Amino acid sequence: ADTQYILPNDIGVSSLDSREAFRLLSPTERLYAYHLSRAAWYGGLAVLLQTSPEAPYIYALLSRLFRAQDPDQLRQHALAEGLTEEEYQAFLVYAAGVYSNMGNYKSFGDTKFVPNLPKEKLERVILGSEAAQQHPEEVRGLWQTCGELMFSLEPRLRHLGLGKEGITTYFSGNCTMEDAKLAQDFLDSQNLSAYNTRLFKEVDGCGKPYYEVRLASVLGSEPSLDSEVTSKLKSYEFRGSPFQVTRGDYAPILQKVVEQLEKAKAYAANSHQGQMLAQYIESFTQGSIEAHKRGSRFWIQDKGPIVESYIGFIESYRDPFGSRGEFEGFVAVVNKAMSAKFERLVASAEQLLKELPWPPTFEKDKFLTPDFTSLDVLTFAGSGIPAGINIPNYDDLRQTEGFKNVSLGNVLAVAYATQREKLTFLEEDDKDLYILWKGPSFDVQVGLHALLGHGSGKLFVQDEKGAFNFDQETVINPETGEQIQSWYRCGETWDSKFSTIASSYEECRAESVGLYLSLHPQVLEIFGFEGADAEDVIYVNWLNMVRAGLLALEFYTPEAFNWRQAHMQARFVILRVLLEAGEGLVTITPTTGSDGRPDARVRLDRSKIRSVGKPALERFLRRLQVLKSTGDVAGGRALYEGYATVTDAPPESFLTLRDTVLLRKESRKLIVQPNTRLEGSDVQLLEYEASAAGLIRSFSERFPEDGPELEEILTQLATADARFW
């Protein structure tokens, strides 16, 4: 059984399978991929700074340790110093956890994790290490600085969050949701994207707060060729508050990023790739999200590349306020065969869109011809690797240029790990079906989720000229029967308006679309099941969704009344929608497991899915879209936070069930990624053991040119900001 805030010694580890994809690449394509990979992995180190105050020091300390002694050499030292093999394994798993999350907080769940061995024994190991013999000042200073925080589970440190009860480095430690909202109002007022920004609040001698909005860039306060960003670098007064806009965040890291993007440009396959890379270079050099948007436009225009990539401060899941971007970058190789199913989904998409439970007036004006590919990841840098992506996030781009849907096939493969024993909360016969179809349904669900889910729905916008992007005169709100009374104004986005629920609410919507359209006797032909096979996917897909909603309670924090993972909160919401429909469609029952410990059972009534489930879901989905399109945050919050509410009300007793969900939880596995190395002429792919030690090695070998320089850089950047926390 698992303990909260530690990675179990026996945590699963899998190695990404990238060899076949890599073998397909031409020499030029390999060099392109090589440099973009380096760009991504460099940039991923910024995520340490975006996670916790101590994370950059812990990375620097681990990096030092394993550069001097690999896992097998360090074993010999550690065991000679009194660690058991089990305690040494705990340290390897911890280090692998830090590497693979780019921080000492889980990317999926936002909870701290600490090494599962005595601090004093680890001290002995670190201070007697070869790293410490070579650089005693550097190693002692690092241990002094981060050793306490490496281990501390004081309540206020256990979860990421704003205010005094959680940790965040998107903001200084004295910031609250109030500060974040005020800053968002400011940012919006200056038409300045939050994505590549942080917010620091410092007080003067009289305790008056001053706000710094700091942009990520290579360049600092010195003048540069650009005008659009530099003209913004100044002080402002906003509702009585002093605001200064600065840049230079992560500068020497982003400098390495841009060096490699420049070199990749030499191997670009076409002018879209060359121009997109030039714009990203401008974005990271100057601190300009407008430049990132221009780059992103070129990227959408680059259709079906052999080497696909994206990079920057992309997703806003981990900002407690919900508008700032965590750095990520990926490089992936097209898989022609696996892409096929999604290409024909594109062949019935424009039609299937009409089947969603809102009027065409709430749907995008022009249906842009969809781009949906299956890729094999070579590099996915940052806090975690998703199974699929739908990007860019810039809604103005999404409506005028379009967007790309990507399914990551060799990541999907890993996620297809499910034993019967690990199939908790299911009755016996339900377990069988699950092992048969979960894999099949995933494409069904993820197909609909990205293309029809994130890809659907119009945002109602009023421009500076009070001229709407819809027909204010004839469009009718199907819930109220009235003409539209609210909309998005200039400079407002989905994230700025819905802030803390934006990510979860939209994931809920996309999931609901997938679940809804999975009922379609036709969609089960595009993926191809057309019978009892088709129906089996259905019962399983819905059984999976309701089981997932129960499992989701792991990611809820009762004391904070707070959900920590957007996708899990969304699945809980869908579960509660289906429970609300009543009529015995779904029940959750407390039980006792064969091990004598509390258990539970999820019961889904297949004979009431279309008669009860589907109209409940249709009504729900309609409501979601109407409030999103109209930017009605009060209504959207009221609706969503309502279903997301967790109580011990009968008959479900979700708070009690949560204790049982925690007792039987399984740790999400760590994924090892390969390296590419430029051995003179040729690029080679380096692969690693599927273990905590292989994961450590994969990072030990990841920066052979300048690893010690990166340790120094992270250490310096952390130290510059230390007063904020």
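Sequential numbering from 1, following the sequence displayed. We call the rigid core whatever largest set of C-alpha positions still superposes within 1.5 Å between the two forms.
Asks: Compare 606 to 614 with 192 to 200 and report which one shows the larger root mean square C-alpha deviation from this form in 5 other deposited structures of this protein once the rigid core is superposed.
Replies: With the rigid core fitted, 606 to 614 is the stretch that strays more in 5 other deposited structures of this protein.
Asks: Do the Cα atoms of 110 to 118 or those of 367 to 375 sit farther, on average, from the shown form in 5 other deposited structures of this protein after fitting on the core?
Replies: With the rigid core superposed, the C-alphas that lie farther in 5 other deposited structures of this protein are those of 367 to 375.
Asks: Do the CA atoms of 360 to 368 or those of 97 to 105 have the higher mean B-factor in the entry?
Replies: Mean CA B-factor is higher for 360 to 368.
Asks: Comparing 50 to 58 with 655 to 663, which stretch shows the greater average C-alpha B-factor in the deposited entry?
Replies: According to the entry, 655 to 663 carries the higher average C-alpha B-factor.
Asks: From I311, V646, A132, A600, pick the one with the largest CA B-factor in the entry?
Replies: Across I311, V646, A132, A600, the entry lists the biggest C-alpha B-factor for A600.
Asks: Between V513, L639, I476, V245, which carries the biggest CA temperature factor in the record?
Replies: Each of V513, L639, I476, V245 was compared by C-alpha B-factor; the highest is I476.
Asks: By its CA B factor, does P27 count among the lowest, middle or highest third of the modelled residues in the chain?
Replies: Middle third.
Asks: Just say lowest, middle or highest third for the CA B-factor of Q462 relative to the other modelled residues in its chain.
Replies: CA B-factor rank for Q462: highest third.
Asks: Grab the CA temperature factor for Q684 from the record and place it in the lowest, middle or highest third of its chain.
Replies: Its C-alpha B-factor belongs to the middle third of this chain's values.
Asks: For the chain shown, is the CA B-factor of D533 in the lowest, middle or highest third of its modelled residues?
Replies: Its C-alpha B-factor belongs to the highest third of this chain's values.
Asks: By its CA B factor, does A720 count among the lowest, middle or highest third of the modelled residues in the chain?
Replies: Answer is middle: the recorded C-alpha B-factor places it there.
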